[PDB]
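Just one chain follows, in the form deposited in one PDB entry, and it is written as structure tokens.
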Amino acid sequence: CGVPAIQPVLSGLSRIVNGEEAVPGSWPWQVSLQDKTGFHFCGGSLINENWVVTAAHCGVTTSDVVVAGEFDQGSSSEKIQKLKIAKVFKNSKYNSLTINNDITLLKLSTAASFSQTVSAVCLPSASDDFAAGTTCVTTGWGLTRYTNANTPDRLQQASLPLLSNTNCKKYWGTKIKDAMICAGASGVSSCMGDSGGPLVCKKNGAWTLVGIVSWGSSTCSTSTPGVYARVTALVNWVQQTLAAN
């Protein structure tokens, strides 16, 4: 876990008005949720060669497809993995009103083939503590400007720091829960089509699954923090379901 064969290159463009385009194959655990139609509606992260972790508000069906090893979705010329889904294991504690406990585990029919471009993300430990002001990473195919209404063909990366529950409440107040973590308000935002993807904080060499894109500004406001499912507070459930399945 959490070491790309292919090394990412995070430049100062990754930090301003709506990040940058990634080096192809640098976030191997990055997957795209798609229709039978080949329509990207969400992202996910690979934690094994069999399971994918996503956001529960995404509504993935067994009918949907997990596409591994993609850069340019606008291609038709990449070596990608279209894995089928066998079972969707959505948290029972997810609150649809509140968007709390927004984690869903997907069990694959076809195991994915770790490659140079496919690998898994390290999962944290509940005990884990990721300090506010920590600069992290979010990745996806979400809109660049809210005003684009056409998702990007190539993967993007934004550099953004975590926020204290206390300082997010300033912007969201009572909405912000315990199974929620915030990041942003720094010139970068997660937007429509980023949902289920990762918020990865580097821990001791490893890129570690710290958040899942959840929800945020209606309009992908770069001065407002974006909210993500808090992995450490939901990680034990990950272990448990993975174990019992």
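Note that the rigid core is defined as the largest set of C-alphas that superpose within 1.5 Å between two forms. Sequential numbering from 1, following the sequence displayed.
Heads up, the form deposited in another entry isn't pictured, but that's what we're talking about next.
Just one of the listed positions, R145, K84, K93, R154, moves its Cα by at least 2 Å between the shown form and the other one when the rigid core is held fixed, and it is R145. A movement of the C-alpha atom of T54 falling short of 2 angstroms is seen between the shown form and the other one when the two forms are aligned on their rigid core. With a cut-off of 2 Å and the rigid core superposed, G193 has a Cα displacement that reaches or exceeds the cut-off between the shown form and the other one. The distance between the CA atoms of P28 and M192 is at least 3 Å shorter in that other deposited form than in the form shown here. Here's the thing about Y94 and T151: their CA atoms end up at least 3 Å farther apart in that other deposited form than they are in this form.
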